[PDB]
$ cat upload-v9.cif   # mmCIF, C-alpha atoms
data_target
#
loop_
_atom_site.group_PDB
_atom_site.id
_atom_site.type_symbol
_atom_site.label_atom_id
_atom_site.label_comp_id
_atom_site.auth_asym_id
_atom_site.auth_seq_id
_atom_site.Cartn_x
_atom_site.Cartn_y
_atom_site.Cartn_z
ATOM 1 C CA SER A 5 23.454 75.720 134.359
ATOM 2 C CA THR A 6 25.857 77.566 132.053
ATOM 3 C CA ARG A 7 26.023 80.288 129.419
ATOM 4 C CA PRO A 8 27.327 79.766 125.866
ATOM 5 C CA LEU A 9 30.275 81.853 124.706
ATOM 6 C CA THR A 10 30.673 82.408 120.979
ATOM 7 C CA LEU A 11 34.204 82.421 119.589
ATOM 8 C CA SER A 12 33.071 84.166 116.430
ATOM 9 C CA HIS A 13 36.003 85.211 114.236
ATOM 10 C CA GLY A 14 34.582 86.737 111.075
ATOM 11 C CA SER A 15 34.343 83.898 108.575
ATOM 12 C CA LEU A 16 34.961 81.495 111.468
ATOM 13 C CA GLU A 17 33.088 80.682 114.650
ATOM 14 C CA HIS A 18 33.173 78.159 117.455
ATOM 15 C CA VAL A 19 31.195 78.077 120.674
ATOM 16 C CA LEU A 20 32.145 77.112 124.211
ATOM 17 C CA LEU A 21 29.597 76.347 126.913
ATOM 18 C CA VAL A 22 31.074 78.174 129.908
ATOM 19 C CA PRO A 23 29.706 77.672 133.424
ATOM 20 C CA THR A 24 28.687 81.138 134.545
ATOM 21 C CA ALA A 25 31.071 80.515 137.449
ATOM 22 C CA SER A 26 33.724 81.800 135.034
ATOM 23 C CA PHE A 27 31.770 83.073 132.023
ATOM 24 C CA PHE A 28 32.819 86.563 133.098
ATOM 25 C CA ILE A 29 36.491 85.590 132.945
ATOM 26 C CA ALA A 30 35.926 83.916 129.593
ATOM 27 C CA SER A 31 34.135 86.967 128.218
ATOM 28 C CA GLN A 32 37.012 89.173 129.336
ATOM 29 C CA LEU A 33 39.521 86.858 127.686
ATOM 30 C CA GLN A 34 37.385 87.195 124.560
ATOM 31 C CA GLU A 35 37.457 90.967 124.996
ATOM 32 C CA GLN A 36 41.222 90.571 124.764
ATOM 33 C CA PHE A 37 41.208 88.068 121.896
ATOM 34 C CA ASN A 38 38.922 89.903 119.487
ATOM 35 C CA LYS A 39 41.467 92.725 119.674
ATOM 36 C CA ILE A 40 44.593 90.564 119.582
ATOM 37 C CA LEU A 41 43.420 88.770 116.459
ATOM 38 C CA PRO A 42 43.798 90.517 113.086
ATOM 39 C CA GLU A 43 40.794 91.261 110.910
ATOM 40 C CA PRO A 44 38.973 88.601 108.879
ATOM 41 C CA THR A 45 40.924 88.131 105.665
ATOM 42 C CA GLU A 46 40.207 85.895 102.658
ATOM 43 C CA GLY A 47 38.374 83.528 104.966
ATOM 44 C CA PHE A 48 41.174 83.711 107.543
ATOM 45 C CA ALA A 49 43.745 82.296 105.112
ATOM 46 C CA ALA A 50 46.288 84.940 106.157
ATOM 47 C CA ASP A 51 49.637 84.645 107.939
ATOM 48 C CA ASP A 52 48.059 83.855 111.326
ATOM 49 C CA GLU A 53 44.307 84.124 110.790
ATOM 50 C CA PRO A 54 42.733 80.786 111.789
ATOM 51 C CA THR A 55 41.401 79.395 108.520
ATOM 52 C CA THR A 56 39.253 76.913 110.473
ATOM 53 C CA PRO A 57 37.728 76.826 113.959
ATOM 54 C CA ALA A 58 40.274 74.258 115.104
ATOM 55 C CA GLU A 59 43.032 76.846 114.824
ATOM 56 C CA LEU A 60 40.599 79.534 115.928
ATOM 57 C CA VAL A 61 40.703 77.688 119.249
ATOM 58 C CA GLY A 62 44.368 76.756 118.900
ATOM 59 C CA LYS A 63 45.415 80.393 119.026
ATOM 60 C CA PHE A 64 42.954 80.678 121.897
ATOM 61 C CA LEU A 65 44.835 77.973 123.787
ATOM 62 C CA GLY A 66 48.089 79.708 122.954
ATOM 63 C CA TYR A 67 47.087 83.066 124.385
ATOM 64 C CA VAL A 68 45.233 81.724 127.420
ATOM 65 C CA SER A 69 48.274 79.628 128.281
ATOM 66 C CA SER A 70 50.326 82.778 127.792
ATOM 67 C CA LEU A 71 48.161 84.288 130.538
ATOM 68 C CA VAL A 72 48.691 81.500 133.094
ATOM 69 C CA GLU A 73 51.545 80.403 135.308
ATOM 70 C CA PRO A 74 51.965 76.703 136.199
ATOM 71 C CA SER A 75 53.816 77.495 139.424
ATOM 72 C CA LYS A 76 50.538 78.971 140.692
ATOM 73 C CA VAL A 77 46.852 78.183 140.405
ATOM 74 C CA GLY A 78 44.852 80.867 138.657
ATOM 75 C CA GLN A 79 41.437 81.846 137.379
ATOM 76 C CA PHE A 80 42.269 80.989 133.766
ATOM 77 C CA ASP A 81 43.341 77.424 134.538
ATOM 78 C CA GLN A 82 39.636 76.593 134.628
ATOM 79 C CA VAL A 83 38.897 77.983 131.176
ATOM 80 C CA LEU A 84 42.192 76.483 130.033
ATOM 81 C CA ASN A 85 41.307 72.896 130.873
ATOM 82 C CA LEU A 86 37.710 73.573 129.836
ATOM 83 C CA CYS A 87 38.415 74.704 126.288
ATOM 84 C CA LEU A 88 41.038 71.955 126.257
ATOM 85 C CA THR A 89 38.350 69.322 126.763
ATOM 86 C CA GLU A 90 36.008 71.019 124.323
ATOM 87 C CA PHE A 91 38.675 71.170 121.625
ATOM 88 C CA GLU A 92 39.887 67.605 122.060
ATOM 89 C CA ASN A 93 36.250 66.494 121.928
ATOM 90 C CA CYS A 94 35.028 68.560 118.989
ATOM 91 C CA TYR A 95 37.974 68.645 116.601
ATOM 92 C CA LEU A 96 40.007 65.759 118.010
ATOM 93 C CA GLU A 97 38.660 62.221 118.144
ATOM 94 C CA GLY A 98 40.851 60.429 120.651
ATOM 95 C CA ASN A 99 43.604 60.455 118.025
ATOM 96 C CA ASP A 100 46.755 62.531 118.359
ATOM 97 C CA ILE A 101 46.939 66.215 117.515
ATOM 98 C CA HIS A 102 49.334 65.232 114.732
ATOM 99 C CA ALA A 103 46.611 63.265 112.969
ATOM 100 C CA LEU A 104 44.327 66.281 113.257
ATOM 101 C CA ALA A 105 47.023 68.533 111.832
ATOM 102 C CA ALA A 106 47.716 66.157 108.968
ATOM 103 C CA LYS A 107 44.035 66.001 108.076
ATOM 104 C CA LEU A 108 43.362 69.731 108.296
ATOM 105 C CA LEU A 109 46.443 70.167 106.114
ATOM 106 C CA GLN A 110 45.337 67.542 103.602
ATOM 107 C CA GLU A 111 41.664 68.283 103.018
ATOM 108 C CA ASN A 112 41.420 71.984 103.839
ATOM 109 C CA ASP A 113 43.753 74.837 102.948
ATOM 110 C CA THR A 114 47.331 74.273 104.084
ATOM 111 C CA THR A 115 49.886 76.552 105.725
ATOM 112 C CA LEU A 116 52.410 74.404 107.557
ATOM 113 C CA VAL A 117 53.219 77.303 109.877
ATOM 114 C CA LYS A 118 49.740 77.371 111.373
ATOM 115 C CA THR A 119 49.089 73.630 111.421
ATOM 116 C CA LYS A 120 52.268 73.335 113.488
ATOM 117 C CA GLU A 121 51.467 76.331 115.690
ATOM 118 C CA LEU A 122 48.412 74.220 116.437
ATOM 119 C CA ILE A 123 50.430 71.535 118.170
ATOM 120 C CA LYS A 124 52.645 74.237 119.632
ATOM 121 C CA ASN A 125 49.911 76.018 121.549
ATOM 122 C CA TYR A 126 47.847 72.883 122.139
ATOM 123 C CA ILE A 127 50.772 71.335 123.967
ATOM 124 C CA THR A 128 51.849 74.468 125.787
ATOM 125 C CA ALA A 129 48.354 74.612 127.239
ATOM 126 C CA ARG A 130 47.689 70.886 127.673
ATOM 127 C CA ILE A 131 50.792 70.866 129.867
ATOM 128 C CA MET A 132 50.391 74.319 131.375
ATOM 129 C CA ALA A 133 46.879 73.023 132.048
ATOM 130 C CA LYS A 134 48.451 70.431 134.349
ATOM 131 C CA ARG A 135 47.394 67.721 131.924
ATOM 132 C CA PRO A 136 50.682 65.978 131.125
ATOM 133 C CA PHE A 137 51.253 63.137 128.701
ATOM 134 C CA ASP A 138 51.838 60.495 131.372
ATOM 135 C CA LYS A 139 49.059 58.532 129.689
ATOM 136 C CA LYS A 140 50.061 56.134 126.940
ATOM 137 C CA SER A 141 47.448 56.235 124.205
ATOM 138 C CA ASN A 142 46.382 53.365 121.960
ATOM 139 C CA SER A 143 48.814 53.929 119.104
ATOM 140 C CA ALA A 144 47.861 51.240 116.626
ATOM 141 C CA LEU A 145 51.303 50.039 115.594
ATOM 142 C CA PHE A 146 52.644 50.124 119.128
ATOM 143 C CA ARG A 147 50.009 47.760 120.466
ATOM 144 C CA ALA A 148 50.476 45.790 117.252
ATOM 145 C CA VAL A 149 54.011 45.324 118.529
ATOM 146 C CA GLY A 150 52.864 44.608 122.065
ATOM 147 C CA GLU A 151 50.936 41.759 120.479
ATOM 148 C CA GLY A 152 53.668 40.791 118.018
ATOM 149 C CA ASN A 153 51.513 41.861 115.082
ATOM 150 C CA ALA A 154 54.514 43.968 114.054
ATOM 151 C CA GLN A 155 58.102 44.695 115.040
ATOM 152 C CA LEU A 156 60.194 47.852 115.010
ATOM 153 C CA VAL A 157 63.732 49.144 114.875
ATOM 154 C CA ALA A 158 65.044 52.683 115.155
ATOM 155 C CA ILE A 159 67.477 54.115 112.621
ATOM 156 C CA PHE A 160 69.222 57.417 113.233
ATOM 157 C CA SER B 5 38.471 89.723 142.980
ATOM 158 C CA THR B 6 37.404 92.138 140.237
ATOM 159 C CA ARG B 7 36.931 92.431 136.486
ATOM 160 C CA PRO B 8 38.701 95.007 134.289
ATOM 161 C CA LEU B 9 36.576 97.428 132.285
ATOM 162 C CA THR B 10 38.110 98.948 129.172
ATOM 163 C CA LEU B 11 37.282 102.574 128.417
ATOM 164 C CA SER B 12 38.370 102.185 124.815
ATOM 165 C CA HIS B 13 37.553 105.265 122.728
ATOM 166 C CA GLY B 14 38.923 104.685 119.246
ATOM 167 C CA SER B 15 42.400 106.194 119.240
ATOM 168 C CA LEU B 16 42.151 106.412 123.037
ATOM 169 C CA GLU B 17 41.771 103.852 125.794
ATOM 170 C CA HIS B 18 41.896 103.664 129.561
ATOM 171 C CA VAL B 19 41.037 100.785 131.853
ATOM 172 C CA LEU B 20 39.281 100.648 135.206
ATOM 173 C CA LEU B 21 39.444 97.647 137.518
ATOM 174 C CA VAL B 22 35.826 97.356 138.663
ATOM 175 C CA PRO B 23 34.813 95.035 141.504
ATOM 176 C CA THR B 24 32.250 92.718 139.964
ATOM 177 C CA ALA B 25 29.964 93.980 142.736
ATOM 178 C CA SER B 26 29.233 96.821 140.303
ATOM 179 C CA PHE B 27 30.935 95.789 137.057
ATOM 180 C CA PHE B 28 27.442 95.317 135.635
ATOM 181 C CA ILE B 29 26.536 98.915 136.465
ATOM 182 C CA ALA B 30 29.836 100.097 135.028
ATOM 183 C CA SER B 31 29.314 98.108 131.838
ATOM 184 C CA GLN B 32 25.856 99.618 131.448
ATOM 185 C CA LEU B 33 27.246 103.109 131.954
ATOM 186 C CA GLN B 34 29.743 102.230 129.226
ATOM 187 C CA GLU B 35 26.859 101.037 127.062
ATOM 188 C CA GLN B 36 25.555 104.577 127.460
ATOM 189 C CA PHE B 37 28.906 106.318 126.976
ATOM 190 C CA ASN B 38 30.032 104.612 123.779
ATOM 191 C CA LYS B 39 26.822 105.980 122.260
ATOM 192 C CA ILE B 40 26.949 109.418 123.878
ATOM 193 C CA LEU B 41 30.479 110.014 122.639
ATOM 194 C CA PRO B 42 31.000 111.042 119.001
ATOM 195 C CA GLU B 43 33.073 108.935 116.640
ATOM 196 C CA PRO B 44 36.880 108.820 116.736
ATOM 197 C CA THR B 45 38.130 111.835 114.810
ATOM 198 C CA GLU B 46 41.693 112.924 113.989
ATOM 199 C CA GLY B 47 42.860 111.166 117.125
ATOM 200 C CA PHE B 48 40.012 112.678 119.155
ATOM 201 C CA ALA B 49 41.193 116.240 118.489
ATOM 202 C CA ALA B 50 37.624 117.352 117.727
ATOM 203 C CA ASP B 51 35.306 119.774 119.526
ATOM 204 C CA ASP B 52 34.660 117.397 122.445
ATOM 205 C CA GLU B 53 36.478 114.180 121.559
ATOM 206 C CA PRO B 54 38.935 113.401 124.383
ATOM 207 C CA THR B 55 42.341 113.791 122.756
ATOM 208 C CA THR B 56 43.930 111.913 125.678
ATOM 209 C CA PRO B 57 42.719 109.342 128.210
ATOM 210 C CA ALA B 58 42.694 111.943 130.970
ATOM 211 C CA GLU B 59 39.813 113.734 129.275
ATOM 212 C CA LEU B 60 38.437 110.397 128.122
ATOM 213 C CA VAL B 61 37.796 109.844 131.827
ATOM 214 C CA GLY B 62 36.974 113.493 132.483
ATOM 215 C CA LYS B 63 33.916 113.315 130.257
ATOM 216 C CA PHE B 64 33.218 110.024 132.008
ATOM 217 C CA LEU B 65 33.170 111.809 135.360
ATOM 218 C CA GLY B 66 30.964 114.487 133.858
ATOM 219 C CA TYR B 67 28.293 112.107 132.622
ATOM 220 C CA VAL B 68 28.353 109.772 135.620
ATOM 221 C CA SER B 69 27.937 112.776 137.898
ATOM 222 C CA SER B 70 25.105 113.851 135.618
ATOM 223 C CA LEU B 71 23.498 110.510 136.489
ATOM 224 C CA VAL B 72 23.744 110.883 140.282
ATOM 225 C CA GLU B 73 21.961 112.946 142.892
ATOM 226 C CA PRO B 74 23.825 114.082 146.038
ATOM 227 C CA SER B 75 20.622 114.343 148.069
ATOM 228 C CA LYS B 76 20.376 110.551 147.770
ATOM 229 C CA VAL B 77 22.754 107.612 147.776
ATOM 230 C CA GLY B 78 22.790 105.677 144.533
ATOM 231 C CA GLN B 79 24.383 102.816 142.653
ATOM 232 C CA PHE B 80 26.632 105.093 140.595
#
$ encode --input "upload-v9.cif" --output "structure tokens"
Amino acid sequence: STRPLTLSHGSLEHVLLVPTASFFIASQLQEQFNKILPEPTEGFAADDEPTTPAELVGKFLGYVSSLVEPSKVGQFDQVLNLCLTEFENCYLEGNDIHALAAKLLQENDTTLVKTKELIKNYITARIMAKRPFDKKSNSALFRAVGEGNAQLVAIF
Amino acid sequence: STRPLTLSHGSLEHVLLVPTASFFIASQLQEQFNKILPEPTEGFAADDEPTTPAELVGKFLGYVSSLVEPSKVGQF
């Protein structure tokens, strides 16, 4: 089957079931991460420390994407799309990353810099992962318009 | 291809691209080394601490050789 990979970051932790086909690559990327990251601080409420696992994996997406190249196919594209799925399943709920950011900002501790870095790296990867946004999602108001339930105008 | 193996010794560090054919053996030899070595000290300027990566790998050669036997062919 597969081997689990723990993304344990001091106060924080998230897991990722990695097929052993690339668990070695994932473990090496972890061997890079655990060094790249700073030390656990006040529950990871620091300048960049991921105060929750969602950003713990957001920074993960950021770096991994940093280690890829879309022009080519690599070994980290697999882990890229993989952790992409796992993140959009665990922390995201079919909604948009912006809703996730707004929530994590509202309920939990808030540092706008991180919560936006979240979308930053999420998107860099989600695209670098060859998963574009050529897929219109079910935005409530927009279908409400498609059905006439609403109506919009754009002011600049 | 291969997996990189970090020979990180506190202040010092050197890497070694190991073909996964024996990256397990290399990682186990590291699991021995990191214990055999003393702790990082004044930038590894101690009695035996490798003050640079060249000696960080010299001691590595020393031990690994200690773990071989020329009369036979081994995994190391």
$ closest_residue --input "upload-v9.cif" --among "A:57, A:23, A:152, A:136" --to "residue 91 (chain A)" --atoms "all atoms listed in the file"
A:57
$ interface_residues --input "upload-v9.cif" --of "chain A" --to "chain B" --cutoff "12 Å" --atoms "all atoms listed in the file" --output "PyMOL selection string"
chain A and resi 26-33+35-36+39+78-79
$ residues_around --input "upload-v9.cif" --residues "region 97-109 of chain A" --least-positions-apart "4" --cutoff "10 Å" --atoms "all atoms listed in the file" --output "count of residues only"
22
$ residues_around --input "upload-v9.cif" --residues "region 66-77 of chain B" --least-positions-apart "3" --cutoff "12 Å" --atoms "all atoms listed in the file" --output "VMD selection string"
chain B and resid 29 to 30 32 to 34 36 to 38 40 to 41 59 to 63 80
$ resolve_selection --input "upload-v9.cif" --expression "the PyMOL selection byres ((chain A and resi 64) around 10)" --output "PyMOL selection string"
chain A and resi 11+33-34+37+41+58-63+65-70+84+87-88+125-126+129
$ atom_distance --input "upload-v9.cif" --atom1 "CA of residue 53 (chain A)" --atom2 "CA of residue 12 (chain A)"
12.6 Å
$ atom_distance --input "upload-v9.cif" --atom1 "CA of residue 16 (chain A)" --atom2 "CA of residue 48 (chain A)"
7.7 Å
$ closest_residue --input "upload-v9.cif" --among "A:50, A:158, A:21, A:132" --to "residue 71 (chain A)" --atoms "all atoms listed in the file"
A:132
$ residues_around --input "upload-v9.cif" --residues "region 44-52 of chain B" --least-positions-apart "3" --cutoff "8 Å" --atoms "only C-alpha atoms" --output "list in words"
residues 13, 14, 15, 16, 55 and 56 of chain B
$ atom_distance --input "upload-v9.cif" --atom1 "CA of residue 124 (chain A)" --atom2 "CA of residue 52 (chain A)"
13.5 Å
$ residues_around --input "upload-v9.cif" --residues "residue 10 (chain A)" --least-positions-apart "5" --cutoff "8 Å" --atoms "all atoms listed in the file" --output "VMD selection string"
chain A and resid 17 to 20
$ axis_aligned_box --input "upload-v9.cif" --around "region 28-47 of chain B" --padding-each-side "3 Å" --output "AutoDock Vina command-line options"
--center_x 34.2 --center_y 104.1 --center_z 125.2 --size_x 23.3 --size_y 23.6 --size_z 28.5
$ build_atoms --input "upload-v9.cif" --residues "region 21-38 of chain B" --atoms "N, CA, C and O atoms" --output "tab-separated table (two decimals), keeping the file's coordinate frame"
chain	number	residue	atom	x	y	z
B	21	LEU	N	39.73	98.89	136.81
B	21	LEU	CA	39.44	97.65	137.52
B	21	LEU	C	38.20	97.85	138.36
B	21	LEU	O	38.22	98.59	139.35
B	22	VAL	N	37.10	97.20	137.98
B	22	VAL	CA	35.83	97.36	138.66
B	22	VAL	C	35.57	96.09	139.47
B	22	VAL	O	35.59	94.99	138.91
B	23	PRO	N	35.33	96.19	140.78
B	23	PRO	CA	34.81	95.04	141.50
B	23	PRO	C	33.51	94.57	140.88
B	23	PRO	O	32.59	95.36	140.64
B	24	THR	N	33.44	93.27	140.59
B	24	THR	CA	32.25	92.72	139.96
B	24	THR	C	30.99	93.06	140.74
B	24	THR	O	29.88	92.93	140.19
B	25	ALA	N	31.12	93.49	141.99
B	25	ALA	CA	29.96	93.98	142.74
B	25	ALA	C	29.19	95.03	141.95
B	25	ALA	O	27.97	95.15	142.10
B	26	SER	N	29.89	95.80	141.11
B	26	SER	CA	29.23	96.82	140.30
B	26	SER	C	29.77	96.86	138.88
B	26	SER	O	29.55	97.86	138.18
B	27	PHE	N	30.48	95.82	138.44
B	27	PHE	CA	30.94	95.79	137.06
B	27	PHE	C	29.76	95.82	136.10
B	27	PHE	O	29.88	96.35	134.99
B	28	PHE	N	28.62	95.25	136.49
B	28	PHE	CA	27.44	95.32	135.64
B	28	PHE	C	27.00	96.76	135.45
B	28	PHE	O	26.73	97.21	134.33
B	29	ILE	N	26.92	97.51	136.55
B	29	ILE	CA	26.54	98.92	136.46
B	29	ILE	C	27.53	99.67	135.60
B	29	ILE	O	27.15	100.50	134.77
B	30	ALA	N	28.82	99.40	135.79
B	30	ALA	CA	29.84	100.10	135.03
B	30	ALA	C	29.72	99.77	133.55
B	30	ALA	O	29.87	100.65	132.69
B	31	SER	N	29.46	98.51	133.23
B	31	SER	CA	29.31	98.11	131.84
B	31	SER	C	28.10	98.76	131.21
B	31	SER	O	28.12	99.13	130.03
B	32	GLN	N	27.03	98.95	131.99
B	32	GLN	CA	25.86	99.62	131.45
B	32	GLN	C	26.14	101.10	131.23
B	32	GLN	O	25.72	101.68	130.22
B	33	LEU	N	26.86	101.72	132.15
B	33	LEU	CA	27.25	103.11	131.95
B	33	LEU	C	28.13	103.25	130.72
B	33	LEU	O	28.03	104.23	129.99
B	34	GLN	N	28.97	102.25	130.47
B	34	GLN	CA	29.74	102.23	129.23
B	34	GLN	C	28.83	102.08	128.02
B	34	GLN	O	29.05	102.71	126.98
B	35	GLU	N	27.83	101.21	128.13
B	35	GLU	CA	26.86	101.04	127.06
B	35	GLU	C	26.16	102.35	126.75
B	35	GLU	O	25.68	102.54	125.63
B	36	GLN	N	26.08	103.24	127.73
B	36	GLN	CA	25.56	104.58	127.46
B	36	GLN	C	26.63	105.47	126.84
B	36	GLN	O	26.37	106.18	125.86
B	37	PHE	N	27.83	105.44	127.41
B	37	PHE	CA	28.91	106.32	126.98
B	37	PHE	C	29.21	106.12	125.50
B	37	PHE	O	29.09	107.04	124.69
B	38	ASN	N	29.62	104.90	125.15
B	38	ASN	CA	30.03	104.61	123.78
B	38	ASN	C	29.05	105.16	122.76
B	38	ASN	O	29.44	105.43	121.62
